[PDB]
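Reviewing the structure listed below.
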Amino acid sequence: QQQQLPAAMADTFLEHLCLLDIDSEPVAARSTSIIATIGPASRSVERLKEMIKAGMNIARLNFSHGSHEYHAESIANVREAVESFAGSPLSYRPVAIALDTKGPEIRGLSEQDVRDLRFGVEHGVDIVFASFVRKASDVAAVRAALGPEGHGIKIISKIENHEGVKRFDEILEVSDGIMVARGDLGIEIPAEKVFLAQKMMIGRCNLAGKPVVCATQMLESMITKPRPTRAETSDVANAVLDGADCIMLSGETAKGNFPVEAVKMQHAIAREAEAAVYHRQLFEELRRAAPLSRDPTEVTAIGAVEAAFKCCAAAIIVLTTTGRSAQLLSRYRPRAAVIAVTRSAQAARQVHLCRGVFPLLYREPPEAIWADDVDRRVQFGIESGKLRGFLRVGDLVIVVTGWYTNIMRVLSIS
Amino acid sequence: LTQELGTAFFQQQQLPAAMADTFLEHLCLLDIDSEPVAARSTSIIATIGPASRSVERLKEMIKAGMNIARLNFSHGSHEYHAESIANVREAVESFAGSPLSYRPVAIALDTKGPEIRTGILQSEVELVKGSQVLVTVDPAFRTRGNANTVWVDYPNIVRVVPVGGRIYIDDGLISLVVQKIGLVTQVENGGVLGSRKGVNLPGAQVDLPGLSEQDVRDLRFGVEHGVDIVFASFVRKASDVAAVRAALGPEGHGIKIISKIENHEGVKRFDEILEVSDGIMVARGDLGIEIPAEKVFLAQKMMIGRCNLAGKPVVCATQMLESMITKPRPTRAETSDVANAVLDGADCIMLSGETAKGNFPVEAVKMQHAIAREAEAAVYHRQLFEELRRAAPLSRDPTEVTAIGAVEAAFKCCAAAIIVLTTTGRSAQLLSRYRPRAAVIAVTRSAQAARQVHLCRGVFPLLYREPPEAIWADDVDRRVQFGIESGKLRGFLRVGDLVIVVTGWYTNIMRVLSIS
Amino acid sequence: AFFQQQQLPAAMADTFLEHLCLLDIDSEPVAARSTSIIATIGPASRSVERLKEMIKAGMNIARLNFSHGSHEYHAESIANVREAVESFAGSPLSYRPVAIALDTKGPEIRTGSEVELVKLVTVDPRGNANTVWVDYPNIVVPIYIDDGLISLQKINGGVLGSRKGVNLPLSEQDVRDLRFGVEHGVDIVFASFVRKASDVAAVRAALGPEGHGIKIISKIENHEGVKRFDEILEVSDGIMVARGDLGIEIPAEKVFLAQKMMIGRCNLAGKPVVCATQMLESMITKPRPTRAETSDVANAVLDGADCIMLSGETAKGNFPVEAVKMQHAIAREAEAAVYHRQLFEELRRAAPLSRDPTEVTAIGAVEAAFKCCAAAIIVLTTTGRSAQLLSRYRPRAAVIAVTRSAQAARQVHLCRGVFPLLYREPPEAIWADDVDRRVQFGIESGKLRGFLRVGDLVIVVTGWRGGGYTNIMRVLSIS
Amino acid sequence: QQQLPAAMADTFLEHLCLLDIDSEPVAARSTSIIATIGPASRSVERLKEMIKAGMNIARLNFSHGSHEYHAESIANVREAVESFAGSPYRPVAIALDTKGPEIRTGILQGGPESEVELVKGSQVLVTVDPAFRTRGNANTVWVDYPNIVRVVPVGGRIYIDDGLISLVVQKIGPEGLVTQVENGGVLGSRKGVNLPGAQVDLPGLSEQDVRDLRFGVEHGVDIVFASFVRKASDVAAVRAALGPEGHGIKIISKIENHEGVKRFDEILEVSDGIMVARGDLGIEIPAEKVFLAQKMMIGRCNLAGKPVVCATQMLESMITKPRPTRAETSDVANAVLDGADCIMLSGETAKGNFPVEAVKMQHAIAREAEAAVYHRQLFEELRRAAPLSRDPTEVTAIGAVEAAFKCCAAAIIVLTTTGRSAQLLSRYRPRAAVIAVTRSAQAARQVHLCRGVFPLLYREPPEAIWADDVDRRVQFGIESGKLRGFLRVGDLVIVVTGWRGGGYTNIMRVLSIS
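The following block contains the structure:
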């Protein structure tokens with residue numbers, strides 16, 4: 057009856073389109089992360105508190121412009137705004153910080268980039284958006300520059316030119332993820348071909364189970380105007396339907412006049428689009444094209460996803476230290492929300508890259524008997540689901556842990 | 047097969063993606079180096095205005111790819127449009143001197159439509179947020195407009211907006227929420246209010262008629278001047294389009310009516326509107342004011358899918374390349390929007406201010422032509438044909454049965470074209486519905502049907518001018534030959550190509571034929 | 054290497070048609086044979102030493118045909134089976150439970173050396197070539219004899247024997271026999287000529303309060319049973335497609351239509367279905383079957399059948415042990431030939447959503463096993479219900495079912511894919527350890543019988559506590 | 058009716074769930090029936106009853122019987138067929156099934172009817188030394204195939220007397236093959252030998268087969284069922300005995316052993332079709348594996364669009380009884396659902412007491428089974444797998460069966476001279492009866508090899524103008540259709556013809573019946 061459910065049960069994709077209902081309200085919480093770019097319009101601590109409230113999950117620091125001192129101020133203001141919501145363990149929203157490299161601008264790996272990457276390690280950024288990646292070797296050079304101290308930082312390679320599109324498979328192999336950087340791409344290849352690059356990369360990253368970001372001009376007109384155009388809302392919604400894990404604001408939040416409204420609008424479009432995904436085809440095709448595995452965590456993850464669909468579970472609660480188990484559930488694009496309980500503050504921030512994943516930083520100290528410790532973390536996950544809406548008593552939930565994460569439990573919520 | 051067509055053949059127009067066993071794998075195999083060689087088949091509607099009224103501009107626009115010229119009767123005198131129609135025909139008819147290359151151009155009339163308007167002020175006034183404005187239909191205030199009093203020319207507004215309902219003013223610029231009904238309201242979003250501005254009542258069952266007194270005059274002008282198509286504004290139910298069809302009357306019997314779905318009621322009564330219409334416009338401009346902006350894409354995708362399944366033309370409209378009004382290159386959201394209207398299933402895409410008043414009308418037509426051509430090739434025909442078969446009602450219609458056999462035949466052999474002979478357009482429409490990769494070359498003696506089948510994706514109309522042959526078999530054969538030789542000249546057909554020829558003795567014969 | 058066995062290339066074909074083209078006679082069926090075999094007891098199979106040979110060859114269910122034989126005869130049948138079963142119990146990792154099914158006489162009609177009837185029926189209480201006595205006085211008729223082979229103004243020739251079956255397109267006897275079965279502990283009733291739900295209720299009534307645990311399999315044998323099938327299935331524990339009478343009651347050429355329908359609807363309902371009668375009929379006198387007969391067995395498995403049956407092949411013929419060996423060899427090859435990709439996918443869609451945590455855990459475990467080519471799903475069950483919910487989604491991995499209930503062990507033979515293992519140790523204080531020991535018994539038993547191998551992966555399915564659902568699924572590496 | 062609700066289901070499972078013993082089949086039966094001609098079916102009056110019960114193809118088994126005996130069978134068959142001229148008239152094809160190469164043991168010391176017992180576990184020497192040709196005993200078996208000693212290796216197996224005795228080679232040496240009896244039994248004299256999994260280098264044709272194919276040609280048969288085909292060069296041999304044009308005869312290759320199953324694709328490429336020869340396959344490979352071989356071969360033949368025969372023991376018990384077993388009706392039904400174009404009877408028609416009943420029974424089972432095929436999925440899968448084609452006749456064919464499915468057409472009327480046009484429709488398995496109008500008497504017999512093709516022989520001389528001559532042949536198809544129940548006023552039918561005489565079959569037309 058709601059969240060496009062009658063369209064969910066269509067027997068063909070054609071008929072699923074026909075059953076889309078503008079009065080079927082999205083009920084699930086919004087699962088595609090919003091990356092906002094920081095600038096004069098979004099730098100004060102008070103503006104950042106607003107943006108978070110509107111739905112910003114990841115803060116982008118664009119190292120094309122601005123001195124190390126400038127970006128250090130940006131990072132401090134973001135942390136200040138975030139911590140101002142750390143009243144309670146269950147109210148905390150992690151916010152990730154991504155550093156976007158300058159690269160080879162014109163107005263191998265530049266000496267400026269090596270300094271900026273050392274700055275970002277020294278300040279503990281979670282993510283590097285690496286500009287203009289053309290081949291695997293370029294990724295290797297960024298990882299070397301990050302050094303042993305930046306070992307847990309994720310590398311999202313920016314595909315921006317013809318070479319990088321044609322070497323995509325080798326680039327994705329060694330990357331944590333991809334950004335479809337439509338800005339330079341649409342100067343570097345014919346403008347009319349970008350949607351083809353975009354759809355091919357999103358599809359390949361979905362198949363590989365690695366996050367993919369759609370970027371640049373998604374709501375451009377909102378730099379000067381309070382409502383976006385019809386092409387712009389279409390573009391956000393279709394990025395989500397393509398498969399994107401994240402969507403992005405650049406000038407809209409970094410310099411325009413309605414940064415908070417831009418975040419709200421991407422949040423509003425993403426939630427309508429997630430409900431309009433035809434999971435029936437998506438799940439059969441990922442199952443079918445995904446190879447047999449003997450990784451116990453992958454095997455448990457696909458089993459949990461099947462069981463969640465079967466009982467219309469409101470949520471899968473996953474216990475994870477590195478994010479990996481949450482990333483493997485995200486890949487099968489459940490409709491249930493994936494609540495990832497973690498003690499790793501960095502993994503909590505990074506799992507925003509994965510669609511459908513809501514990170515929960517657990518703070519209580521361990522329990523002597525591991526099974527008690529597991530149960531506390533699981534109840535923590537349940538409590539935050541109740542608070543945040545999408546767990547009613549009576550719901551069934553799937554729980555995923557270890558005892564590798566290799567256990568799946570089906571639990572009805574009292 | 048390589049032996050006949052080469053290796054390069056099977057690398058082009060996304061054929062490695064076309065043959066994937068899932069939609070996911072079809073996406074993974076799209077390739078920016080696979081060139082789209084088939085001719086662009088989604089028609090382009092361009093609105094005429096000061097940027098595009100000169101005869102020489104219009105020829106450039108025709109060469110760039112414009113197929114349907116849209117006259118927007120929201121503005122302009124009857125005189126003004128008669129000179130639009132005249133310059134269009136003069137540009138179009140300057141290519142008649144070589145029939146093999148002549149491109150028909152349809153002329154469509156987009157109505158002003160039933161409207162809700164504020165009055166004249168006491173100039174400009176400013177509605178400031180928070181303040182309280184009165185909304186009145188007392189005739190004493192038609193001319194007494196102030197920043198706390200607004201008159202509207204729609205008496206029944208007081209009955210169709212409930213308490214807390216919203217009222218939109220000047221393209222959703224200003225907004226008001228009702229507080230009391232005696236309508237006292239509070240400015241939600243404020244701004245400058247001019248005079249005789251447009252009003253929108255999101256979610257309301259407005260009882261304005263299907264057309265306005267000025268529409269009746271405008272439609273009569275259109276029939277008299279021989280327009281091919283009406284885009285009928287603000288269609289909410291079937292009685293609305295029956296009223297447009299009565300106004301056209303007998304002189305206008307064969308004008309196609311494309312109903313513009315602009316508001317919540319129209320979306321919910323879609324099935325009854327599409328059934329008495331020749332087709333649909335997804336009018337996203339007004340629809341983004343009348344429903345939440347973030348739900349327009351749902352309405353778009355629902356309406357295109359339902360038209361596809363019915364087999365009726367569907368136009369996507371409004372703000373596709375908006376930034377090109379001032380800049381020479383579009384945004385990334387804008388090229389994506391055009392490509393995804395085509396992938397969604399649209400028959401036609403449209404330009405408004407990009408061609409009516411902007412600095413780059415020819416370039417915007419070029420841009421839509423280039424994207425469409427790329428998006429057509431990325432269509433996953435495998436899944437689309439199968440699903441259209443798996444849902445579409447078994448047919449005892451001989452012309453439709455022929456149509457599905459010929460499209461399947463064309464897919465089996467990589468046919469370059471389906472060549473069909475039609476007099477109304479109906480046989481080409483039935484072919485267009487199954488979305489062949491092959492071009493549907495429609496040879497007709499009806500000048501008007503040739504213009505009108507531009508509404509159908511995949512159809513290239515050719516106007517045969519020669520008088521009958523005594524033997525019906527030789528006139529048939531002469532008309533196929535005109536399509537072949539037109540097709541070779543335009544680059545749709547090469548020696549060695551296969552083609553499927555569809556003709557009458564209903565059009566119930568298909569033939570497999572080699573070119574030259 | 055591993056992808057050469059078990060028809061694995063066929064299993065990953067993108068279409069059904071291409072699955073058939075990839076079937077390969079050199080792909081060896083390594084998985085253990087999971088379709089259960091029912092063997093009818095008779096002079097060719099009632100002795101303790103024959104029963105032992107049958108058990109070793111694959112017999113899972115011993116059928117007592119109560120159309121013939123005294124109560125004293127059948128009680129020694131039961132005792133002879135139990136004695137052969139329990140001679141293997143000094144080796145608990147290899148011990149095979151064997152169930153006992155009672156097949157009722159029902160409303161048989163029969164006639165009273174031989175004679176040629178050439179191309184008069186009385187119920188007056194001495195038959196000859198022109199008179200036939202029938203034990204059904206009330207002929210109702212405005217008539218077939220002997221499995222339909224003779225047909226007939230006076231109340242299609244051939245030889246007429248004696249006491250031949252008669253076809254006309264709950265008795266007091268039936269009631270003594272059902273109560274006899276409860277006294278003697280039978281696991282299953284095959285209830286002849288079921289035509290509606292009321293027929294099953296009457297059986298459950300004659301079974302009474304001591305017999306609440308007995309499963310009831312309704313035999314579909316005539317046109318009415320076929321038409322009211324949905325009603326019958328709803329209230330029965332399962333179905334038998336009794337092709338014998340059905341092929342006389344409706345036209346012989348329509349039986350396969352009824353068989354494929356009943357199997358499909360039983361698969362959809364997750365209830366067990368048996369295919370019965372003449373499957374290897376020529377093996378009654380021959381040491382090897384016909385081409386039509388090995389085909390019938392294989393396609394019964396392909397159709398969806400949970401069990402397959404022998405009657406005269408094992409009750410009276412000269413090669414009973416060979417007939418069991420041959421159903422076993424065929425089912426093993428057919429099981430590997432099933433197209434699970436389509437079957438599992440259609441079972442998902444057609445099947446309701448469920449809130450039952452056991453049903454939900456079960457489908458997750460079958461998805462997990464398919465994803466990693468699990469050799470087995472090890473399930474703990476006391477009633478057999480968890481095992482049966484695993485069996486209805488038709489995994490390729492063996493469902494090894496560990497139970498303490500000796501009756502449940504026997505009764506789960508009805509569910510395709512389930513191997514029952516009876517566990518005997520008294521609990522431990524801690525649920526945790528009691529669980530682990532029963533799992534480990536399953537692993538060790540499975541290693542010993544050739545079901546599991548170091549390096550394999552298994553899915554283990556149990557419950558978080561003792562009174563609740565079966566709602567834990569664990570992926571485990573064999574070591 | 059025609060199980061049409063089950064036809065419409067969205068899944069295969071649901072299709073099964075909707076089958077209905079009271080949904081009566083209406084369409085004409087499309088799977089051909091081959092009957093083997095022998096003493097129970099040789100008389101002209103008997104063959105008449107057999108044509109009426111539904112025989113389409115008369116098979117002659119040259120494993121037994123003289124040329125004079127078969128000549129007489131052929132004459133009676135043709136006399137019975139010709140008796141129905143003056144026509145509603149069923150063409151009947153004649154197939155020659157060859158004896159084939161064989162391997163046999165020698166004579167035992169005790170002579171022809173003697174027996175000796177080979178005891179499990181004993182040592183038995185298999186020898187080709189001809190001084191044992193008549194001296195076989197319990198420890199020594201002679202065989203007429205010298206190269207057995209170099210084609211069966213240590214570990215290999217030698218089967219004797221229809222698979223009943225089994226020996227495992229233990230040692231190879233100048234005296235022959237030292238075996239151990241794995242399966243013992245009573246051995247007689249001159250018993251058939253099978254070498255499971257061997258590459259047997261016997262030739263494609265026996266001496267007897269050369270004389271019989273010459274007889275086949277001279278008496279004008281339509282079909283050869285060629286025995287023991289292992290490899291393409293065995294087919295090339297059959298074809299050379301038949302000559303350069305092969306006189307039009309169709310070569311249906313019999314797959315009977317392991318080598319042929321594994322070299323199936325190369326055999327099919329050069330054959331007109333296949334017979335699944337389950338009798339010998341069941342000796343040559345484990346009996347429980349034969350359904351695998353059958354399902355693969357039928358599948359591959361459907362893919363390729365070539366005819367496949369299911370053969371042997373389909374209704375065995377009817378040799379003595381008037382009603383078959385439940386496993387036999389099921390076997391017939393499942394060969395149809397599998398996709399077999401043709402089904403067969405051997406002893407059931409050749410020597411049993413119920414030959415007309417057996418034909419009747421296959422007829423009744425095939426009709427029911429044909430209505431139960433799941434055309435939605437089958438058609439969809441035959442489309443995806445069949446490759447692109449620039450052959451105009453094949454392009455028209457797929458266009459025509461898709462049109463036929465769109466409107467639930469009663470029939471496709473096709474004009475064909477060689478049968479090819481009718482075979483390209485048949486490979487897409489339409490529900491619509493394919494009505495093939497031909498002037499060629501031999502193509503009318505031979506299209507019986509294709510499921511769903513009903514031949515009509517046209518005897519009228521050609522009109523002066525092609526378009527007239529075509530319309531008359533089309534009209535003949537309509538009017539015969541009506542008379543024989545294929546179509547009726549109200550139906551749609553597809554009409555497949557050619558634009559020119562001597563060109564491609566490149567036209568399709570949709571017609572309402574009047």
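Protein chains in written order, with the UniProt record's numbering: chain A, 57 to 163, 263 to 558, 564 to 574; chain B, 47 to 168, 173 to 232, 236 to 558, 564 to 574; chain C, 54 to 165, 173 to 179, 184 to 189, 194 to 207, 210 to 212, 217 to 226, 229 to 231, 242 to 255, 264 to 559, 561 to 574; chain D, 58 to 145, 148 to 559, 561 to 574.
Backbone N, C-alpha and C define an ideal beta-carbon position, used for all residues, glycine too.
Around the beta carbon of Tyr487(D), 16 or more other beta carbons sit within 10 angstroms, so the residue counts as buried. Of the residues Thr186(D), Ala257(D), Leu264(D), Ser173(D), the one whose Cα lies closest to the Cα of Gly232(D) is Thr186(D).
When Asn316(C), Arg337(C), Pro212(C), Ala154(C) are compared, the shortest CA-CA separation from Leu272(C) is found for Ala154(C). If you ignore the 5 residues before and after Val415(B), its C-beta comes within less than 8 Å of the C-beta of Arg103, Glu106, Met107, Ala110, all in its own chain and listed in chain order. For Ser292(A), the secondary structure class from DSSP, reduced to helix, strand or coil, is helix. By the neighbour-count definition (other C-beta atoms within 10 Å, threshold 16), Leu542(A) is an exposed residue. The Cβ-Cβ distance between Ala63(B) and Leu75(B) falls below 9 Å.
Close CB contacts of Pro451(B) within its chain, under the 6 Å cut and outside five residues either way in sequence, are with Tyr564, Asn566 (chain order). The residue among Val134(D), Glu241(D), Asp203(D) with its C-alpha nearest the C-alpha of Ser181(D) is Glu241(D).
Within 10 angstroms of the beta-carbon of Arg490(D) lie 16 or more other beta-carbons, which makes it buried. Within the segment 358-414 of chain D, complete alpha helix (DSSP H) segments of at least 4 residues are found at 385-397, 406-409, given in chain order. Under a 10 Å Cβ-count criterion, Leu447(D) is classified as exposed, with fewer than 16 other Cβ atoms of the shown protein chains found around its own Cβ.
With a cutoff of 9 Å on beta-carbon distance, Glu461(C) and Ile471(A) are scored as not near each other.
Spanning the alpha carbons of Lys179(C) and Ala197(C) requires a straight line of approximately 12 Å. The beta-bridge partner set that DSSP reports for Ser572(B) consists of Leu551(B). If you check each beta-carbon in the segment 541-553 of chain D against every beta-carbon of chain C, none falls closer than 8 Å. Close CB contacts of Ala444(D) within its chain, under the 7 Å cut and outside five residues either way in sequence, are with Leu362 (chain order).
Your pair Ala469(C) and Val548(C) does not check out as a contact, with CB atoms roughly 11 Å apart and the cut at 8 Å.
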